[PDB]
Structures are given as C-alpha cells and as structure tokens.
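In what follows, every chain begins at residue 1, and chains take the letters A, B, ... in the order their sequences are listed. We use all heavy atoms of the structure for the numbers below, so side chains are in, but hydrogens, waters and symmetry mates are not.
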Amino acid sequence: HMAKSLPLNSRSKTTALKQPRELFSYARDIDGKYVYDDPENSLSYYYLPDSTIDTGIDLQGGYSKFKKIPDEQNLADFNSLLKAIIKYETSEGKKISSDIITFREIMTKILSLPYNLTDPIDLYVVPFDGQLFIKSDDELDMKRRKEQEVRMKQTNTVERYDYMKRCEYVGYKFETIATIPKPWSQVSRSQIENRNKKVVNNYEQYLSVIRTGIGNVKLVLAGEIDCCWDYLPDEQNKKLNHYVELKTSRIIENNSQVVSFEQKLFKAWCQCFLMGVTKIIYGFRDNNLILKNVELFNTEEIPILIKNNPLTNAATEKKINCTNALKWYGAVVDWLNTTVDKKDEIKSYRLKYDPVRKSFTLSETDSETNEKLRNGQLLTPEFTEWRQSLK
RNA sequence: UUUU
Ligand SMILES: [Mn+2]
Ligand SMILES: [Mn+2]
Ligand SMILES: [Mn+2]
C-alpha cells in the first residue's frame, strides 16, 4: 500500500548538536529481572593494570561455564523501560519532555546506515501522549538472527564455528576481567585478583536513560553502559562524562584489517556519540584469544582519526565520514518529527530501510498490529494510565 | 557480545 519515503541522499544543512544528559538509570540483575531502586549499585568500574595485561589473560577461559541469556529473552524491553519512566516521572510530577523515546541501538542503526547499506532496518513507530515510541520489530530480528546462525553453522567448519562462538564469549569475558563492582577504593585485593575465575554472565546490565537532541528534535534514549572510568559523580549533568564502552578486536596485521577496524570503530563512535559516552576501550587479542594490549580512545577524537588515516582512503561515497552520517541522522529524525501526527493515537507505523529496493519508508501498520503494540507489545496499561492521569 |  502507500508509504512515504525519505530519499537516502537526504542531509540536514547544518549540525546543531545538543549535549546529552542522563535522566535516570535502572538495571537488570543476574536472574534477568529489572531493578529500579538504587540501580547505581549495579554499575561496575574500569580496572585493568598493565601488570595484569602482561600476564597474558586467556579470554576464552571459562567458556564452558558461561551463563548466557537466551536471545528471545534479551530483546530490548519496552515494558521495563516504561516502568522505569513511570517511577521517574512520578517523582518529577511531570512527563519527560521529548519528541522521541527509544533505545540507543535503534538510532545507532540509523546513524551508521550510510556506511552499512546492506543492513536491513525494521522498526515500529507508535504515537502516544504527544510522543513517538520507537521499537524494533522483534519477530523480524529473531528471524534474521536464526537465519544468520544457520548460515554460519552451514558455511563454516566446525572449528571456525566454535571459534566464532568463543569470540562472542570473549567480549563478555573482557568486561568481566577489566572491571570491578565498586571503585578501586572500596574493592578488596581478593575481588581484584579473583576476576579471572569469576563465572561470566550476560544477564547483568546497567542501563542509562538520557535526554539528547539534534536540530530542533528532542530524543530520549535507553542504553546499556559497560562501566564507569573512575567514579560516578553526584552532579547529574556530569554522570555521562564518566561512562566507558568496552570492545574487543583482533590485533591488526594488514591493511584489510585496518579498514575493518575503521568500520568497527565508526560503529562504536555511533553508539557512544548518541549516548554521551566519552571513552572507548579496546582489548586487542591474538588468534588464540589471549589479550595482548588495551587501548583507550576518546570518542570526540575518533572523527579526526578516521578522516586522517592515510591507509583508509576511498571514493567520497564509500569513505566513512562522521559529519555526513550525522547529517543523514538529523534529516531522518526531523522527517519523523514533522511527518507523523503525534496526537493521532488511532494508528501505528512500520519504519523500514530496505537495502534491495534502496528505500527508507514509513507505512501504516495493520489494525491487529497497532492493537498489539498499544496493548502490551510496546505500550503497557500501567504506562497509559499513568500518562492519562497527568491530564 | 561478536568474525581479517
Ligand atoms: Mn555486560
Ligand atoms: Mn555493553
Ligand atoms: Mn561493550
């Protein structure tokens, strides 16, 4: 049926960037249950001395005891985010002011789209109480994840497939061996030393909810935070400044590896720029998954590093440029903000990037889909009642 | 989280 499309070459004229600020946080515990009071108790702190790095940490250590959340249980959870929002807004006596409320991974997909043209995007947009609630199409995502899985099983040897699954584990192991549950001053020597034996899980999470903007649009983004650098300030407008994102990558050996590392680093920049995270730490590991060295990047410096790398030139259309991405992102969110009637709660929309047709479109959902979205699948009855109560 |  009919759909409105934004041309893929659309770009905002300038870049008016607002500084992000954390509004509140919440957490997920080791059993997968969300926590809304004293969530700061779930924030870890970065701690990884060179002397420890020198020992040659095995990042596949403990792979067989990995406590891994099933993928079906690890989708972005609007229920819990809305519950966190009701708690905050009840304290403030007022709704959060924003045009869009969503998860950061969703905007990361949009922002990085210009240099990741083969990757699909399928989202749902639900207007409610003067705001746009945006979530991913869970069913399509799971279907793509399953089909990616079966590809990778079929097309790689048993050895390569096992290695790739171990590489998935490596990311979480690095987080485990590079962080401590409290700042250096409150942690004991045992805790520090025993990290390499701790059971690794990906259940526990600390989530920041931030307000930010671009152009004249306001966005609230929920995103998971890997750790805190030194201490968490009490000053609300400074909390984001102390967060850190962790990554792992293979040590780099040829120019092929250099362009791939540029691509990953851009995606890391996308994720951290949106969230106000100022530090990205890479754990570089070898073929046997031993950690070899660690490097800190300042988020704000990444655009310069990318623009000035003598090894990674390409045609202007293919060369990653952070400013160009930001102008595409700004065009998208302004389009969403002026196209959809935020006051019409009678329907919902699919927002889709289709790489085969090269199109970026908004179309109305089916009545049954709108109903599901508004009665549990995105909006919850507790949240709708809360918002109706303020008016 | 993750593949040179
Ligand atoms: Mn984690
Ligand atoms: Mn993370
Ligand atoms: Mn990370």
A:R104 versus A:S208, side-chain donor and acceptor atoms under 3.5 Å: no

For chain A, the stretch of RNA chain B it reaches, first to last nucleotide, under 4.0 Å of its heavy atoms: B:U1 to B:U4

Side-chain donor/acceptor of [X] to backbone N/O of [Y], under 3.5 Å:
| X | Y | result |
| --- | --- | --- |
| A:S44 | A:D226 | yes |
| A:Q131 | A:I96 | yes |
| A:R21 | A:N237 | yes |

Contact class for [X] (heavy atom, under 4.0 Å): base, sugar-phosphate, or nothing?
| X | result |
| --- | --- |
| A:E253 | nothing |
| A:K267 | nothing |
| A:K68 | nothing |
| A:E245 | sugar-phosphate |
| A:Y163 | sugar-phosphate |
| A:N74 | nothing |
| A:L59 | nothing |

Presence of salt bridge, A:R28 and A:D77, under 4.0 angstrom: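 Looking at A:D77 and A:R28, the cut-off is not met.
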
Earlier contact from the 5' end, RNA chain B, for A:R160 and A:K247: A:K247

Passing option when A:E89 is tested against A:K95, A:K94, A:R387 for salt bridge (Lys or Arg N to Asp or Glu O under 4.0 Å): A:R387

